file run_14.pdb (PDB, C-alpha atoms and all ligand atoms)
ATOM      1  CA  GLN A   1      -8.947   0.916   5.053
ATOM      2  CA  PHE A   2      -9.139  -1.428   8.077
ATOM      3  CA  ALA A   3     -11.776  -1.140  10.779
ATOM      4  CA  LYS A   4      -9.605  -2.990  13.304
ATOM      5  CA  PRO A   5      -5.982  -4.107  13.308
ATOM      6  CA  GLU A   6      -7.102  -7.714  12.761
ATOM      7  CA  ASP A   7      -8.495  -6.606   9.417
ATOM      8  CA  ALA A   8      -5.038  -5.353   8.346
ATOM      9  CA  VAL A   9      -3.554  -8.716   9.387
ATOM     10  CA  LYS A  10      -6.173 -10.600   7.408
ATOM     11  CA  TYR A  11      -5.597  -8.386   4.396
ATOM     12  CA  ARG A  12      -1.817  -8.736   4.381
ATOM     13  CA  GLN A  13      -1.962 -12.509   4.888
ATOM     14  CA  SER A  14      -4.376 -12.789   1.944
ATOM     15  CA  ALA A  15      -2.243 -10.475  -0.202
ATOM     16  CA  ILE A  16       0.736 -12.648   0.598
ATOM     17  CA  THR A  17      -1.153 -15.872  -0.229
ATOM     18  CA  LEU A  18      -1.892 -14.441  -3.679
ATOM     19  CA  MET A  19       1.595 -13.049  -4.244
ATOM     20  CA  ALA A  20       3.157 -16.351  -3.197
ATOM     21  CA  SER A  21       0.899 -18.312  -5.554
ATOM     22  CA  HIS A  22       1.656 -16.069  -8.572
ATOM     23  CA  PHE A  23       5.380 -16.326  -7.761
ATOM     24  CA  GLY A  24       5.559 -20.014  -6.909
ATOM     25  CA  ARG A  25       3.354 -21.222  -9.784
ATOM     26  CA  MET A  26       6.253 -20.324 -12.117
ATOM     27  CA  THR A  27       8.711 -22.689 -10.394
ATOM     28  CA  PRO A  28       8.054 -25.565 -12.870
ATOM     29  CA  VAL A  29       8.588 -23.162 -15.813
ATOM     30  CA  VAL A  30      11.867 -21.737 -14.493
ATOM     31  CA  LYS A  31      13.014 -25.344 -13.810
ATOM     32  CA  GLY A  32      12.060 -26.468 -17.329
ATOM     33  CA  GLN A  33       9.530 -29.036 -16.041
ATOM     34  CA  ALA A  34       6.643 -27.119 -17.614
ATOM     35  CA  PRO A  35       6.763 -25.423 -21.055
ATOM     36  CA  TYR A  36       7.775 -21.794 -21.363
ATOM     37  CA  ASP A  37       5.122 -19.669 -23.075
ATOM     38  CA  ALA A  38       6.470 -16.129 -23.060
ATOM     39  CA  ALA A  39       3.008 -14.502 -23.305
ATOM     40  CA  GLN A  40       1.636 -16.645 -20.442
ATOM     41  CA  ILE A  41       4.518 -15.662 -18.160
ATOM     42  CA  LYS A  42       4.419 -11.996 -19.187
ATOM     43  CA  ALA A  43       0.722 -11.889 -18.197
ATOM     44  CA  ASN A  44       1.340 -13.730 -14.921
ATOM     45  CA  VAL A  45       4.226 -11.406 -13.983
ATOM     46  CA  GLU A  46       1.952  -8.414 -14.650
ATOM     47  CA  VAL A  47      -0.440  -9.857 -12.024
ATOM     48  CA  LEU A  48       2.459 -10.485  -9.703
ATOM     49  CA  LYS A  49       3.638  -6.898 -10.194
ATOM     50  CA  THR A  50       0.320  -5.561  -8.912
ATOM     51  CA  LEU A  51       0.118  -8.041  -6.060
ATOM     52  CA  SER A  52       3.732  -7.486  -4.939
ATOM     53  CA  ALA A  53       2.968  -3.882  -3.976
ATOM     54  CA  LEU A  54      -0.060  -4.697  -1.805
ATOM     55  CA  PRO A  55       1.192  -6.254   1.452
ATOM     56  CA  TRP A  56       3.308  -3.296   2.560
ATOM     57  CA  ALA A  57       0.401  -0.865   3.043
ATOM     58  CA  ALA A  58      -1.171  -3.255   5.560
ATOM     59  CA  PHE A  59       1.658  -2.970   8.089
ATOM     60  CA  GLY A  60       0.445   0.507   9.161
ATOM     61  CA  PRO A  61       0.915   1.888  12.660
ATOM     62  CA  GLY A  62      -1.083  -0.059  15.181
ATOM     63  CA  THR A  63      -1.399  -3.239  13.048
ATOM     64  CA  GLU A  64       0.873  -5.487  15.075
ATOM     65  CA  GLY A  65      -0.179  -9.088  14.823
ATOM     66  CA  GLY A  66      -0.001 -12.256  12.831
ATOM     67  CA  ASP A  67       3.523 -13.474  12.180
ATOM     68  CA  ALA A  68       4.901  -9.929  11.813
ATOM     69  CA  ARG A  69       7.835  -9.222  14.140
ATOM     70  CA  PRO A  70       7.584  -5.980  16.138
ATOM     71  CA  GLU A  71      10.853  -4.873  14.613
ATOM     72  CA  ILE A  72       8.948  -4.083  11.435
ATOM     73  CA  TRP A  73       7.705  -1.005  13.265
ATOM     74  CA  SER A  74      10.617  -0.365  15.585
ATOM     75  CA  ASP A  75      12.966  -0.318  12.569
ATOM     76  CA  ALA A  76      10.721   1.135   9.861
ATOM     77  CA  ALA A  77      13.468   2.403   7.524
ATOM     78  CA  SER A  78      15.267  -1.003   7.646
ATOM     79  CA  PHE A  79      12.090  -2.947   6.847
ATOM     80  CA  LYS A  80      11.494  -0.488   4.035
ATOM     81  CA  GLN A  81      14.912  -1.370   2.568
ATOM     82  CA  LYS A  82      13.995  -5.072   2.515
ATOM     83  CA  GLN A  83      10.668  -4.213   0.899
ATOM     84  CA  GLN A  84      12.357  -1.944  -1.679
ATOM     85  CA  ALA A  85      15.001  -4.524  -2.597
ATOM     86  CA  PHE A  86      12.196  -6.992  -3.165
ATOM     87  CA  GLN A  87      10.145  -4.539  -5.234
ATOM     88  CA  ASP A  88      13.247  -3.631  -7.310
ATOM     89  CA  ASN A  89      13.772  -7.337  -8.006
ATOM     90  CA  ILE A  90      10.133  -7.570  -9.112
ATOM     91  CA  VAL A  91      10.891  -4.767 -11.637
ATOM     92  CA  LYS A  92      13.760  -6.913 -12.948
ATOM     93  CA  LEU A  93      11.459  -9.956 -13.161
ATOM     94  CA  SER A  94       8.965  -7.885 -15.164
ATOM     95  CA  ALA A  95      11.819  -6.873 -17.480
ATOM     96  CA  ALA A  96      12.867 -10.499 -18.028
ATOM     97  CA  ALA A  97       9.272 -11.567 -18.657
ATOM     98  CA  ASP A  98       8.714  -8.659 -21.044
ATOM     99  CA  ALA A  99      11.924  -9.716 -22.891
ATOM    100  CA  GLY A 100      10.675 -13.285 -23.382
ATOM    101  CA  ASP A 101      13.963 -14.880 -22.335
ATOM    102  CA  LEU A 102      13.831 -17.986 -20.084
ATOM    103  CA  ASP A 103      17.489 -17.737 -19.009
ATOM    104  CA  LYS A 104      16.919 -14.133 -17.835
ATOM    105  CA  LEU A 105      13.622 -15.116 -16.252
ATOM    106  CA  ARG A 106      15.214 -17.895 -14.190
ATOM    107  CA  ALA A 107      17.951 -15.517 -12.953
ATOM    108  CA  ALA A 108      15.449 -12.757 -12.092
ATOM    109  CA  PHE A 109      13.179 -15.306 -10.403
ATOM    110  CA  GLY A 110      15.997 -16.493  -8.181
ATOM    111  CA  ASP A 111      16.787 -12.880  -7.215
ATOM    112  CA  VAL A 112      13.190 -12.298  -6.169
ATOM    113  CA  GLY A 113      13.132 -15.506  -4.135
ATOM    114  CA  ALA A 114      16.337 -14.471  -2.324
ATOM    115  CA  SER A 115      14.689 -11.135  -1.441
ATOM    116  CA  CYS A 116      11.632 -12.944  -0.024
ATOM    117  CA  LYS A 117      13.843 -15.027   2.229
ATOM    118  CA  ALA A 118      16.005 -12.156   3.339
ATOM    119  CA  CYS A 119      13.001 -10.254   4.635
ATOM    120  CA  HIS A 120      11.589 -13.351   6.390
ATOM    121  CA  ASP A 121      14.887 -14.020   8.099
ATOM    122  CA  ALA A 122      14.712 -10.591   9.790
ATOM    123  CA  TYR A 123      11.011  -9.748  10.083
ATOM    124  CA  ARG A 124       8.850 -12.889  10.085
ATOM    125  CA  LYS A 125       8.200 -14.782  13.374
ATOM    126  CA  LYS A 126       9.406 -18.335  13.599
TER     127      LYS A 126
ATOM    128  CA  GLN B   1      -1.482 -23.868 -10.054
ATOM    129  CA  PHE B   2      -2.852 -25.707  -6.985
ATOM    130  CA  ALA B   3      -1.276 -28.837  -5.551
ATOM    131  CA  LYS B   4      -4.528 -29.881  -3.862
ATOM    132  CA  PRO B   5      -8.098 -28.622  -4.072
ATOM    133  CA  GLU B   6      -7.718 -26.996  -0.640
ATOM    134  CA  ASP B   7      -5.075 -24.756  -2.172
ATOM    135  CA  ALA B   8      -7.592 -23.491  -4.766
ATOM    136  CA  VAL B   9     -10.066 -22.782  -1.944
ATOM    137  CA  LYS B  10      -7.443 -20.885   0.018
ATOM    138  CA  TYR B  11      -6.457 -18.919  -3.059
ATOM    139  CA  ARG B  12      -9.989 -17.904  -4.011
ATOM    140  CA  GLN B  13     -10.890 -16.931  -0.440
ATOM    141  CA  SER B  14      -7.765 -14.747  -0.270
ATOM    142  CA  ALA B  15      -8.469 -13.235  -3.695
ATOM    143  CA  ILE B  16     -11.958 -12.426  -2.507
ATOM    144  CA  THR B  17     -10.693 -10.875   0.755
ATOM    145  CA  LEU B  18      -8.539  -8.515  -1.315
ATOM    146  CA  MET B  19     -11.220  -7.749  -3.892
ATOM    147  CA  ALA B  20     -13.754  -7.051  -1.148
ATOM    148  CA  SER B  21     -11.352  -4.705   0.648
ATOM    149  CA  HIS B  22     -10.524  -2.702  -2.516
ATOM    150  CA  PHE B  23     -14.259  -2.474  -3.285
ATOM    151  CA  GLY B  24     -15.552  -1.769   0.206
ATOM    152  CA  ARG B  25     -12.853   0.761   1.156
ATOM    153  CA  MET B  26     -14.520   3.163  -1.316
ATOM    154  CA  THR B  27     -17.884   3.101   0.495
ATOM    155  CA  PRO B  28     -17.116   6.274   2.539
ATOM    156  CA  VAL B  29     -16.072   8.097  -0.671
ATOM    157  CA  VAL B  30     -19.184   7.119  -2.640
ATOM    158  CA  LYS B  31     -21.287   8.165   0.404
ATOM    159  CA  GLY B  32     -19.499  11.524   0.669
ATOM    160  CA  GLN B  33     -18.203  10.787   4.194
ATOM    161  CA  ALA B  34     -14.599  10.790   2.971
ATOM    162  CA  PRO B  35     -13.172  13.236   0.380
ATOM    163  CA  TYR B  36     -13.163  12.341  -3.291
ATOM    164  CA  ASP B  37      -9.679  12.441  -4.820
ATOM    165  CA  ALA B  38     -10.106  11.369  -8.428
ATOM    166  CA  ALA B  39      -6.485  10.165  -8.800
ATOM    167  CA  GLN B  40      -6.677   8.121  -5.567
ATOM    168  CA  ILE B  41      -9.849   6.363  -6.720
ATOM    169  CA  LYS B  42      -8.575   5.841 -10.271
ATOM    170  CA  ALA B  43      -5.501   4.068  -8.835
ATOM    171  CA  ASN B  44      -7.581   1.995  -6.411
ATOM    172  CA  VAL B  45     -10.000   0.920  -9.168
ATOM    173  CA  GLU B  46      -7.013  -0.162 -11.283
ATOM    174  CA  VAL B  47      -6.032  -2.498  -8.406
ATOM    175  CA  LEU B  48      -9.601  -3.665  -8.114
ATOM    176  CA  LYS B  49      -9.694  -4.343 -11.859
ATOM    177  CA  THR B  50      -6.781  -6.764 -11.561
ATOM    178  CA  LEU B  51      -8.116  -8.400  -8.420
ATOM    179  CA  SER B  52     -11.667  -8.788  -9.784
ATOM    180  CA  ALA B  53     -10.464 -11.217 -12.459
ATOM    181  CA  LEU B  54      -8.606 -13.535 -10.067
ATOM    182  CA  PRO B  55     -11.194 -15.556  -8.114
ATOM    183  CA  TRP B  56     -12.821 -17.205 -11.130
ATOM    184  CA  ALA B  57      -9.767 -19.242 -12.187
ATOM    185  CA  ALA B  58      -9.717 -20.927  -8.769
ATOM    186  CA  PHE B  59     -13.083 -22.648  -9.208
ATOM    187  CA  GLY B  60     -11.534 -25.227 -11.587
ATOM    188  CA  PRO B  61     -12.815 -28.779 -11.924
ATOM    189  CA  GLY B  62     -12.275 -30.737  -8.759
ATOM    190  CA  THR B  63     -12.004 -27.676  -6.455
ATOM    191  CA  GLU B  64     -15.272 -28.097  -4.594
ATOM    192  CA  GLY B  65     -15.051 -26.721  -1.102
ATOM    193  CA  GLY B  66     -15.275 -23.676   1.070
ATOM    194  CA  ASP B  67     -18.560 -21.817   0.786
ATOM    195  CA  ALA B  68     -18.885 -22.543  -2.951
ATOM    196  CA  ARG B  69     -22.183 -24.223  -3.861
ATOM    197  CA  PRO B  70     -21.877 -27.319  -6.073
ATOM    198  CA  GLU B  71     -24.104 -25.635  -8.612
ATOM    199  CA  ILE B  72     -21.120 -23.537  -9.638
ATOM    200  CA  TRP B  73     -19.889 -26.646 -11.422
ATOM    201  CA  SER B  74     -23.179 -28.299 -12.269
ATOM    202  CA  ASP B  75     -24.310 -25.085 -14.001
ATOM    203  CA  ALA B  76     -21.021 -23.741 -15.365
ATOM    204  CA  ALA B  77     -22.462 -21.514 -18.118
ATOM    205  CA  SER B  78     -24.929 -19.894 -15.638
ATOM    206  CA  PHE B  79     -22.203 -19.157 -13.081
ATOM    207  CA  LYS B  80     -20.156 -17.732 -15.926
ATOM    208  CA  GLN B  81     -22.994 -15.297 -16.720
ATOM    209  CA  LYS B  82     -22.986 -14.030 -13.122
ATOM    210  CA  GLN B  83     -19.208 -13.680 -13.266
ATOM    211  CA  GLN B  84     -19.372 -11.866 -16.633
ATOM    212  CA  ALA B  85     -22.075  -9.444 -15.485
ATOM    213  CA  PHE B  86     -19.886  -8.625 -12.515
ATOM    214  CA  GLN B  87     -16.758  -8.194 -14.646
ATOM    215  CA  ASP B  88     -18.694  -5.979 -17.117
ATOM    216  CA  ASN B  89     -19.790  -3.805 -14.190
ATOM    217  CA  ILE B  90     -16.148  -3.561 -13.100
ATOM    218  CA  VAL B  91     -15.356  -2.215 -16.617
ATOM    219  CA  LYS B  92     -18.034   0.444 -16.052
ATOM    220  CA  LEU B  93     -16.556   1.282 -12.629
ATOM    221  CA  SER B  94     -13.132   1.700 -14.250
ATOM    222  CA  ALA B  95     -14.738   4.032 -16.803
ATOM    223  CA  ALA B  96     -16.345   6.163 -14.078
ATOM    224  CA  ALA B  97     -13.092   6.314 -12.114
ATOM    225  CA  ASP B  98     -11.119   7.195 -15.244
ATOM    226  CA  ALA B  99     -13.680   9.989 -15.926
ATOM    227  CA  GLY B 100     -13.191  11.520 -12.469
ATOM    228  CA  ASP B 101     -16.914  11.955 -11.826
ATOM    229  CA  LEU B 102     -18.256  11.114  -8.330
ATOM    230  CA  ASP B 103     -21.902  10.895  -9.449
ATOM    231  CA  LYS B 104     -20.946   8.323 -12.125
ATOM    232  CA  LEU B 105     -18.685   6.534  -9.672
ATOM    233  CA  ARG B 106     -21.466   6.130  -7.099
ATOM    234  CA  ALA B 107     -23.836   4.733  -9.764
ATOM    235  CA  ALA B 108     -21.203   2.323 -11.137
ATOM    236  CA  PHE B 109     -20.275   1.280  -7.594
ATOM    237  CA  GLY B 110     -23.866   0.399  -6.805
ATOM    238  CA  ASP B 111     -24.082  -1.679 -10.006
ATOM    239  CA  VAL B 112     -21.009  -3.662  -9.011
ATOM    240  CA  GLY B 113     -22.370  -4.253  -5.513
ATOM    241  CA  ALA B 114     -25.667  -5.537  -6.962
ATOM    242  CA  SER B 115     -23.690  -7.993  -9.127
ATOM    243  CA  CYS B 116     -21.782  -9.261  -6.065
ATOM    244  CA  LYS B 117     -25.033  -9.962  -4.263
ATOM    245  CA  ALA B 118     -26.722 -11.568  -7.216
ATOM    246  CA  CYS B 119     -23.972 -14.149  -7.523
ATOM    247  CA  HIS B 120     -23.976 -14.843  -3.757
ATOM    248  CA  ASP B 121     -27.715 -15.355  -3.746
ATOM    249  CA  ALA B 122     -27.334 -18.232  -6.242
ATOM    250  CA  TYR B 123     -23.854 -19.667  -5.672
ATOM    251  CA  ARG B 124     -22.598 -18.950  -2.144
ATOM    252  CA  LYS B 125     -23.535 -21.306   0.754
ATOM    253  CA  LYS B 126     -25.527 -19.858   3.594
TER     254      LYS B 126
HETATM  255  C1  LIG C 201       9.402  -8.138   3.812
HETATM  256  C2  LIG C 201       9.856  -6.896   3.055
HETATM  257  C3  LIG C 201       8.936  -9.359   3.094
HETATM  258  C4  LIG C 201       9.132  -9.737   1.791
HETATM  259  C5  LIG C 201       9.977  -9.085   0.684
HETATM  260  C6  LIG C 201       8.400 -10.919   1.602
HETATM  261  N1  LIG C 201       7.764 -11.279   2.762
HETATM  262 FE1  LIG C 201       6.540 -12.865   3.014
HETATM  263  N2  LIG C 201       6.193 -12.279   4.929
HETATM  264  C7  LIG C 201       6.684 -11.150   5.556
HETATM  265  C8  LIG C 201       6.079 -11.004   6.809
HETATM  266  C9  LIG C 201       6.427  -9.874   7.779
HETATM  267  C10 LIG C 201       5.176 -12.003   6.963
HETATM  268  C11 LIG C 201       4.154 -12.228   8.103
HETATM  269  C12 LIG C 201       2.831 -11.467   7.802
HETATM  270  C13 LIG C 201       1.807 -11.622   8.945
HETATM  271  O1  LIG C 201       1.368 -10.588   9.493
HETATM  272  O2  LIG C 201       1.505 -12.802   9.266
HETATM  273  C14 LIG C 201       5.282 -12.806   5.789
HETATM  274  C15 LIG C 201       4.566 -13.982   5.572
HETATM  275  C16 LIG C 201       4.670 -14.820   4.473
HETATM  276  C17 LIG C 201       4.013 -16.053   4.291
HETATM  277  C18 LIG C 201       3.010 -16.725   5.274
HETATM  278  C19 LIG C 201       1.635 -16.892   4.658
HETATM  279  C20 LIG C 201       0.773 -15.651   4.576
HETATM  280  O3  LIG C 201       0.911 -14.668   5.358
HETATM  281  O4  LIG C 201      -0.171 -15.750   3.698
HETATM  282  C21 LIG C 201       4.402 -16.535   3.071
HETATM  283  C22 LIG C 201       3.962 -17.825   2.411
HETATM  284  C23 LIG C 201       5.249 -15.568   2.485
HETATM  285  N3  LIG C 201       5.418 -14.550   3.335
HETATM  286  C24 LIG C 201       5.795 -15.641   1.213
HETATM  287  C25 LIG C 201       6.582 -14.676   0.578
HETATM  288  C26 LIG C 201       7.071 -14.772  -0.764
HETATM  289  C27 LIG C 201       6.870 -15.974  -1.685
HETATM  290  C28 LIG C 201       7.760 -13.623  -0.984
HETATM  291  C29 LIG C 201       8.428 -13.093  -2.211
HETATM  292  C30 LIG C 201       7.806 -13.412  -3.566
HETATM  293  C31 LIG C 201       7.711 -12.866   0.222
HETATM  294  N4  LIG C 201       6.990 -13.528   1.150
HETATM  295  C32 LIG C 201       8.324 -11.628   0.415
HETATM  296  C33 LIG C 201       7.608 -10.297   4.972
HETATM  297  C34 LIG C 201       8.098 -10.337   3.676
HETATM  298  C1  LIG C 202     -19.922 -15.056  -8.461
HETATM  299  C2  LIG C 202     -19.799 -14.755  -9.949
HETATM  300  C3  LIG C 202     -19.536 -14.048  -7.430
HETATM  301  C4  LIG C 202     -19.366 -12.694  -7.550
HETATM  302  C5  LIG C 202     -19.621 -11.763  -8.747
HETATM  303  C6  LIG C 202     -18.905 -12.236  -6.307
HETATM  304  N1  LIG C 202     -18.793 -13.279  -5.424
HETATM  305 FE1  LIG C 202     -18.121 -13.172  -3.523
HETATM  306  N2  LIG C 202     -18.309 -15.189  -3.354
HETATM  307  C7  LIG C 202     -18.708 -16.072  -4.338
HETATM  308  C8  LIG C 202     -18.540 -17.387  -3.889
HETATM  309  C9  LIG C 202     -18.922 -18.611  -4.723
HETATM  310  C10 LIG C 202     -17.994 -17.346  -2.649
HETATM  311  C11 LIG C 202     -17.491 -18.511  -1.764
HETATM  312  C12 LIG C 202     -16.007 -18.840  -2.094
HETATM  313  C13 LIG C 202     -15.487 -20.036  -1.269
HETATM  314  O1  LIG C 202     -15.031 -21.025  -1.882
HETATM  315  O2  LIG C 202     -15.589 -19.935  -0.018
HETATM  316  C14 LIG C 202     -17.884 -15.962  -2.321
HETATM  317  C15 LIG C 202     -17.426 -15.478  -1.096
HETATM  318  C16 LIG C 202     -17.346 -14.148  -0.713
HETATM  319  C17 LIG C 202     -16.967 -13.660   0.553
HETATM  320  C18 LIG C 202     -16.531 -14.508   1.784
HETATM  321  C19 LIG C 202     -15.107 -14.208   2.206
HETATM  322  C20 LIG C 202     -14.007 -14.812   1.361
HETATM  323  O3  LIG C 202     -14.169 -15.859   0.672
HETATM  324  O4  LIG C 202     -12.874 -14.206   1.500
HETATM  325  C21 LIG C 202     -17.026 -12.294   0.486
HETATM  326  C22 LIG C 202     -16.700 -11.307   1.588
HETATM  327  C23 LIG C 202     -17.384 -11.950  -0.836
HETATM  328  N3  LIG C 202     -17.588 -13.065  -1.546
HETATM  329  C24 LIG C 202     -17.475 -10.661  -1.336
HETATM  330  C25 LIG C 202     -17.762 -10.286  -2.652
HETATM  331  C26 LIG C 202     -17.783  -8.937  -3.132
HETATM  332  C27 LIG C 202     -17.567  -7.697  -2.268
HETATM  333  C28 LIG C 202     -18.077  -9.027  -4.455
HETATM  334  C29 LIG C 202     -18.157  -7.983  -5.521
HETATM  335  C30 LIG C 202     -17.209  -6.792  -5.436
HETATM  336  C31 LIG C 202     -18.261 -10.409  -4.752
HETATM  337  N4  LIG C 202     -18.063 -11.147  -3.641
HETATM  338  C32 LIG C 202     -18.602 -10.919  -6.004
HETATM  339  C33 LIG C 202     -19.163 -15.668  -5.584
HETATM  340  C34 LIG C 202     -19.187 -14.383  -6.102
END

call {"tool": "encode", "arguments": {"input": "run_14.pdb", "output": "structure tokens", "more": "lines below"}}
Ligand code: HEC
Ligand code: HEC
result
Amino acid sequence: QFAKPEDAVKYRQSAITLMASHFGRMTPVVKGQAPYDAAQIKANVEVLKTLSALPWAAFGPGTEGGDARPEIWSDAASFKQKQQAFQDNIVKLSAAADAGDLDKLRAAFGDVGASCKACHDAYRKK
Amino acid sequence: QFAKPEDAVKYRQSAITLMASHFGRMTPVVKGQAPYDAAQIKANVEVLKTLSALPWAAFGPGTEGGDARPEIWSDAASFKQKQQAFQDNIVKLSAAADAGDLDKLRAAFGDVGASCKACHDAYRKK
């Protein structure tokens, strides 16, 4: 859907900004510093679920740029494993949110965060 | 969810980038230049439906900036009407996509686009 590779970069960076905000805005809730409203979090995690699928389609062939390492492309199956682990952990976060349990939410949240970092460590430029 | 007003600006601009891409990427389909796959469009419009709700929460009090005119805040009920007309036209686009009819899709698409422009004409800086 991108006229030029720059447009894929812009898209993925914007998708990531959104995803990161819908993830990170729950940090005070999982830490107990903000109240836990099960319906509020369930709705937010449904947004996050949609957003979490969007970046990966904007690393198509030819869309090198931004802070993406070239190894994303050179090792496409390996990158896909990092993406899949992350998406599987989002499924578990959805489950915890749907169950309305803060202890399960905080565990699932931490698993997602670990998956974010693992992909960055391999595939995001310093 | 924003630490500083700048963060709301960044969020809304990213939300808009996404929304615009999921809207605009259908232009070749509504024009007939790309094939019409009803399932593909139904899925894309479901993404668009989620995205189309996101910008408006990031024009909260105190988040003046970017290319937002100050009248967004000064005339909050009026801005809300432009936002609601747009969101109602998204509901109609979802209906057309769910119905699998390209003639209804192209009409609903044009209605959404008109709603985008109407809000810009009043509330987006030149
Ligand atoms: C690989 C499978 C990744 C996973 C999982 C996550 N991120 Fe990511 N991130 C990745 C790349 C390759 C890049 C660079 C994209 C580019 O072209 O520039 C990024 C970048 C970020 C950024 C920078 C800001 C931005 O681009 O808007 C942030 C803040 C970021 N990533 C956050 C983030 C979070 C919170 C994640 C899990 C919820 C996450 N990323 C997962 C690769 C991958
Ligand atoms: C008001 C109810 C709006 C509707 C409906 C749409 N847009 Fe919008 N748009 C609006 C404002 C106030 C702004 C400026 C935001 C800021 O703080 O800078 C914008 C901006 C854009 C942009 C610029 C790029 C960006 O911010 O990423 C684009 C490309 C854009 N808008 C597109 C767009 C489309 C395609 C719309 C309907 C599908 C649409 N906008 C609706 C206000 C409003």

call {"tool": "residues_near_ligand", "arguments": {"input": "run_14.pdb", "ligand": "ligand LIG 202 (chain C)", "cutoff": "6 Å", "atoms": "only C-alpha atoms and all ligand atoms", "output": "PyMOL selection string"}}
result
chain B and resi 9+13-14+16-17+20+23+65-68+79+82-83+86+113+115-116+119-120+123-124

call {"tool": "resolve_selection", "arguments": {"input": "run_14.pdb", "expression": "the ChimeraX specification (/A :<7) & /B", "output": "JSON, numbers by chain"}}
result
{"B": [1, 11, 14, 15, 17, 18, 25]}

call {"tool": "atom_distance", "arguments": {"input": "run_14.pdb", "atom1": "CA of residue 105 in chain A", "atom2": "CA of residue 92 in chain A"}}
result
8.8 Å

call {"tool": "resolve_selection", "arguments": {"input": "run_14.pdb", "expression": "the PyMOL selection byres (((chain B and resi 31) around 12) and not hetatm)", "output": "ChimeraX atom specification"}}
result
/B:24-30,32-36,102-103,105-107,109-110

call {"tool": "axis_aligned_box", "arguments": {"input": "run_14.pdb", "around": "ligand LIG 201 (chain C)", "padding_each_side": "6 Å", "output": "lines of an AutoDock Vina configuration file"}}
result
center_x = 4.9
center_y = -12.4
center_z = 3.0
size_x = 22.1
size_y = 22.9
size_z = 25.1

call {"tool": "residues_near_point", "arguments": {"input": "run_14.pdb", "point": "(-16.0, -4.6, -11.5)", "cutoff": "9 Å", "atoms": "all atoms listed in the file", "output": "ChimeraX atom specification"}}
result
/B:23,45,48-49,52-53,85-94,108-109,111-113,115

call {"tool": "build_atoms", "arguments": {"input": "run_14.pdb", "residues": "range 19-29 of chain B", "atoms": "N, CA, C and O atoms", "output": "PDB file, keeping the file's coordinate frame"}}
result
ATOM      1  N   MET B  19     -10.206  -8.415  -3.047  1.00  0.00           N
ATOM      2  CA  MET B  19     -11.220  -7.749  -3.892  1.00  0.00           C
ATOM      3  C   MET B  19     -12.231  -6.995  -3.051  1.00  0.00           C
ATOM      4  O   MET B  19     -12.515  -5.833  -3.334  1.00  0.00           O
ATOM      5  N   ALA B  20     -12.757  -7.675  -2.030  1.00  0.00           N
ATOM      6  CA  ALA B  20     -13.754  -7.051  -1.148  1.00  0.00           C
ATOM      7  C   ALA B  20     -13.196  -5.823  -0.452  1.00  0.00           C
ATOM      8  O   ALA B  20     -13.937  -4.879  -0.249  1.00  0.00           O
ATOM      9  N   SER B  21     -11.933  -5.866  -0.052  1.00  0.00           N
ATOM     10  CA  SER B  21     -11.352  -4.705   0.648  1.00  0.00           C
ATOM     11  C   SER B  21     -11.180  -3.530  -0.332  1.00  0.00           C
ATOM     12  O   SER B  21     -11.424  -2.378   0.016  1.00  0.00           O
ATOM     13  N   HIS B  22     -10.720  -3.814  -1.550  1.00  0.00           N
ATOM     14  CA  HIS B  22     -10.524  -2.702  -2.516  1.00  0.00           C
ATOM     15  C   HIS B  22     -11.845  -2.170  -3.013  1.00  0.00           C
ATOM     16  O   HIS B  22     -11.898  -0.974  -3.393  1.00  0.00           O
ATOM     17  N   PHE B  23     -12.921  -2.965  -3.034  1.00  0.00           N
ATOM     18  CA  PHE B  23     -14.259  -2.474  -3.285  1.00  0.00           C
ATOM     19  C   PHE B  23     -14.787  -1.678  -2.095  1.00  0.00           C
ATOM     20  O   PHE B  23     -15.098  -0.495  -2.223  1.00  0.00           O
ATOM     21  N   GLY B  24     -14.903  -2.348  -0.960  1.00  0.00           N
ATOM     22  CA  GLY B  24     -15.552  -1.769   0.206  1.00  0.00           C
ATOM     23  C   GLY B  24     -14.861  -0.548   0.769  1.00  0.00           C
ATOM     24  O   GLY B  24     -15.564   0.306   1.380  1.00  0.00           O
ATOM     25  N   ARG B  25     -13.538  -0.423   0.608  1.00  0.00           N
ATOM     26  CA  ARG B  25     -12.853   0.761   1.156  1.00  0.00           C
ATOM     27  C   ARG B  25     -13.289   2.034   0.463  1.00  0.00           C
ATOM     28  O   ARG B  25     -13.025   3.144   0.991  1.00  0.00           O
ATOM     29  N   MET B  26     -14.000   1.962  -0.648  1.00  0.00           N
ATOM     30  CA  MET B  26     -14.520   3.163  -1.316  1.00  0.00           C
ATOM     31  C   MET B  26     -15.884   3.568  -0.805  1.00  0.00           C
ATOM     32  O   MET B  26     -16.328   4.648  -1.178  1.00  0.00           O
ATOM     33  N   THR B  27     -16.542   2.763   0.007  1.00  0.00           N
ATOM     34  CA  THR B  27     -17.884   3.101   0.495  1.00  0.00           C
ATOM     35  C   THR B  27     -17.886   4.494   1.105  1.00  0.00           C
ATOM     36  O   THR B  27     -18.831   5.263   0.766  1.00  0.00           O
ATOM     37  N   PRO B  28     -16.988   4.897   1.986  1.00  0.00           N
ATOM     38  CA  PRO B  28     -17.116   6.274   2.539  1.00  0.00           C
ATOM     39  C   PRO B  28     -16.988   7.349   1.473  1.00  0.00           C
ATOM     40  O   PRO B  28     -17.563   8.439   1.637  1.00  0.00           O
ATOM     41  N   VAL B  29     -16.222   7.118   0.438  1.00  0.00           N
ATOM     42  CA  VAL B  29     -16.072   8.097  -0.671  1.00  0.00           C
ATOM     43  C   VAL B  29     -17.353   8.190  -1.484  1.00  0.00           C
ATOM     44  O   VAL B  29     -17.836   9.280  -1.727  1.00  0.00           O
TER      45      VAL B  29
END
